[PDB]
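A closer look at the structure
The chain contents come next:
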Amino acid sequence: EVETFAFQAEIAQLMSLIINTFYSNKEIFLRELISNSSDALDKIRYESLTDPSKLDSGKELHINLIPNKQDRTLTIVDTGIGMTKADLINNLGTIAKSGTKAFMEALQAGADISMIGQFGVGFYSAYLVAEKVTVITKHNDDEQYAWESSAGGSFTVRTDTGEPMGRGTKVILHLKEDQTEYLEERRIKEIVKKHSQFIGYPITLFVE
Ligand SMILES: CCCCn1c(Cc2cc(OC)ccc2OC)nc2c(N)nc(F)nc21
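Calculation notes
Residues numbered from 1 in each chain as written, not as in the entry; some residues may be left out. Heavy atoms only, no water. Axes fitted to C-alpha atoms, helices over the stretch in contact; angles between N-to-C directions. Helix = DSSP H or I, 4+ residues; strand = E, 2+ residues; numbered from the N terminus. Left-handed = near helix turned anticlockwise from the far one by under 90°. Contact = heavy atoms within 4.5 Å. Nonpolar A, V, L, I, M, F, W, Y, C, P; charged D, E, K, R; others polar. Near = heavy atom within 4 Å. Polar contact = N/O pair within 3.5 Å; in protein donor to acceptor, adjacent residues only side chain to side chain. Areas by Shrake-Rupley, 256 points an atom, 1.4 Å probe, with all protein chains shown as cover. Salt bridge = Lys/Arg side-chain N within 4 Å of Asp/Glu carboxyl O. Buried < 20%, exposed > 50% of the residue type's maximum accessible area, 1.4 Å probe, protein only.

Method-wise, the PDB entry is recorded as coming from X-ray crystallography, at a reported resolution of 2.20 Å.

Laid out in structure tokens, this is it:
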């Protein structure tokens, strides 16, 4: 069954802002998502040092970028720590509240949208380019969940029946009609080179 949740007022407001503000430098969405993957891979890396069994659901620590022109999606896949249902429904929104407020104040003093990640809310930059985001995630202590939102003030969570993923997180960007340039091999490569050149895990760009 599909559960529908409201965003806390502040996130909904960050989300509208990201959708509504005129801002051409949309490409920074990719570095934000990659950096979130990097923090997650680090974390499962740290946790297995004192418990190697936390790696039984997969030993490879990596990042895959998969475009699919047929569906119109850019999926960012990591094998990092993954998210529990608690994360999805309460915890992530709890921690995001403060980062949101800070961010939203800075945008005045002179800051701009490319700085969202210095506040820990770079995930919602997904909405510069995607009309819908689907997030498939699997943590060691929980089952596999699908989170989803087209913004609008609500998101859903359901247990995922798709392909089992071991451990990690897939962010599936359903691109806006005018943003298919992020399906293109040479565009993604350019972006990864300029902003994500020095990540500590292999990034494999899949071709179509
Ligand atoms: C805010 C940092 C933690 C949340 N997070 C994020 C940021 C994030 C994801 C969300 O998914 C529905 C929602 C909100 C988020 O940040 C506020 N990306 C992650 C990732 N790839 N892997 C893991 F494991 N955790 C992630």
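Moving on to the packing of helix α2 (residues 28–48) against helix α4 (residues 185–195). Across the interface, α2 lies against α4 with an axial gap of 9 Å and an inter-helix angle of 65 degrees. When you trace α2 past α4, the crossing you get is right-handed. Contacts between α2 and α4 pair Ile28, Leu30, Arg31 and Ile34 from the former with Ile188, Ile191, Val192 and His195 from the latter. Per-class residue counts for the contact of α2 with α4 are six nonpolar, one polar and one charged.

Neighbouring residues of the ligand: 15 residues in total, closest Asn36, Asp78, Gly82, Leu92 and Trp147. The contact in question runs from a nitrogen atom of the ligand to an N or O atom on the side chain of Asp78, over 3.0 Å. In the model, a nitrogen atom of the ligand is placed 3.5 Å from a nitrogen or oxygen of the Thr169 side chain. In the complex, 84% of the free accessible area of the ligand, which totals 550 Å², lies under the protein chains.

Enumeration according to the criterion identifies 14 salt bridges in this entry. Residues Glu185 and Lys189 are paired through a salt bridge, measuring 2.7 Å at the closest nitrogen-oxygen approach. Taken together, the positions of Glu185 and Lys189, both in helix α4 and four residues apart, correspond to about one turn of that helix. Of the residues examined, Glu185 reaches a relative accessible area of 38% and is grouped as partly exposed. Using a relative accessible area of 46% as the deciding quantity, one classes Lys189 as partly exposed. Ionic contacts of the salt-bridge type, sharing partners, join the residues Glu27, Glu181, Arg187, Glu190 and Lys194 into one network.

With that settled, consider the environment of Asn64. Inspection of the secondary structure assignment puts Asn64 in strand β2 (residues 63–68). Taking relative accessible area as the criterion, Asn64 reaches 11% and is therefore assigned buried. Between the alpha carbons of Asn64 and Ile203 there is a distance of 5.6 Å; along the sequence they are 139 residues apart. Those residues within four positions of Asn64 in sequence are excluded, and the remaining contacts are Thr75, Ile76, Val77, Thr204 and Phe206. In this structure the side chain of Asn64 is engaged in a polar contact, spanning 3.4 Å, whose partner is the side chain of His62.

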